[PDB]
């Protein structure tokens, strides 16, 4: 009689380990979490915030089929490739096939190496995330390689910021409606620290660019504080993304560094929304 086992996760392009974070928040017992990252700051954040639980590997393109076979079978395979060559926010983007774009295929590739062989009836879940603001050609091509259509989820519905994102995958109930939680902070005001007034209810998509915090045409300061207008503090921004307070306060990072990490990141309530039914498929802690 099959019992539920702790989950085995391969995380490509792991960033600040949003996956493991969400998984732990859902109370899902994690057998192993193998992450592929190359940015030392991000790897530091993952290392510190999850106390060496994360087994790190180098470049994703240094991971081979033999490694997948050797690192045990994987219950879950999640990844979001860099979008600096995909997003239309970058005028000088090199597309899906040049630059960092081709790294998507590295996910693709590895997915098929990790996919349980035919005649294997074990549960296999995978999730690939990227931006909506990408060219139609690239989107179509990604859909053709992953043989699926994406699901648009916007963090506006569940957080204090706009984050329209495409999600390819096969997680149960990806298309189900999002639902706010008592823990969710939907208005920017709810994210601010004490003594600070928010000019906005929602903020526009936060990139790695510092002035993505500026709102609309006239580049308005998002907050006002004691006779002086101000931008978001890193803690407030963390709260906006749904991360626990002071999550990215490591490795003596400047505002720009932290924001560089967070701008590339996932919206925690969204990933929680996606991983939510998994707690019924694996052992709970």
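Numbering follows the first chain given and starts at 1.
Taking the mean C-alpha B-factor of each stretch as recorded, 215-223 and 249-257 are not equal, and the higher mean is that of 215-223. The question of which stretch, 177-185 or 199-207, has the higher mean Cα B factor is settled in favour of 177-185.
Going by the entry's values, 69 shows the largest Cα B-factor out of 44, 69, 36, 62. Ranking 73, 80, 172, 150 by the C-alpha B-factor listed in the PDB entry places 73 at the top. Split the chain's modelled residues into thirds by C-alpha temperature factor. Residue 129 is in the lowest one. Annotation for residue 157: CA B-factor lies in the lowest third of the chain's modelled residues. Per the deposited record, the Cα B-factor of residue 31 falls in the highest third when ranked against the other modelled residues of its chain. Placement of the Cα temperature factor of residue 104 within the chain: middle third of the modelled residues, per the deposited record. In the deposited entry, the Cα temperature factor of residue 229 places it in the highest third of its chain's modelled residues.
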